[PDB]
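Let me begin by presenting the structure, written as structure tokens, before commenting on it.
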Amino acid sequence: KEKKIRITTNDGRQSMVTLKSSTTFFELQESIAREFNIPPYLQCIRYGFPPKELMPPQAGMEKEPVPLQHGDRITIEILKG
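In structure tokens form, the structure reads like this:
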């Protein structure tokens, strides 16, 4: 029982997911990597208007869930590996 959110890569593609309630930036990066064809180290998520750069947490915050909820929307950007 988790929440559902939308995704859209700068390349011009989009896909929905079932992001978990306690899904941190890491758990989120793993979701997009599934719905799309980009690794967690090449997917830059964005939310809010204008689109922000949901940076990765650190020691202590890594456990914290993403800033998105059931019914939210985000945008990914294929980084340069």
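Numbering (the authors' numbering) for the sequence shown: 6 to 86.
Just so you know, even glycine gets a beta-carbon here, dropped at the ideal spot from N, CA and C.
Short of 8 Å from the beta carbon of residue 76, and not among the five residues preceding or following it, lie these beta carbons of its own chain, in chain order: 8, 9, 10. The beta carbons of residue 60 and residue 30 sit closer together than 9 Å.
Residue 24 holds the alpha-carbon nearest to the alpha-carbon of residue 74 among 17, 6, 24, 19.
Taking C-beta separations shorter than 8 Å and ignoring five residues to either side along the sequence, the partners of residue 57 in its chain run 51, following chain order. For residue 11, there is no enclosing alpha helix (DSSP H); the residue is part of the beta strand (DSSP E) that begins and ends at 10–14.
Using a Cβ distance threshold of 9 Å, residue 41 and residue 80 do not count as a contacting pair.
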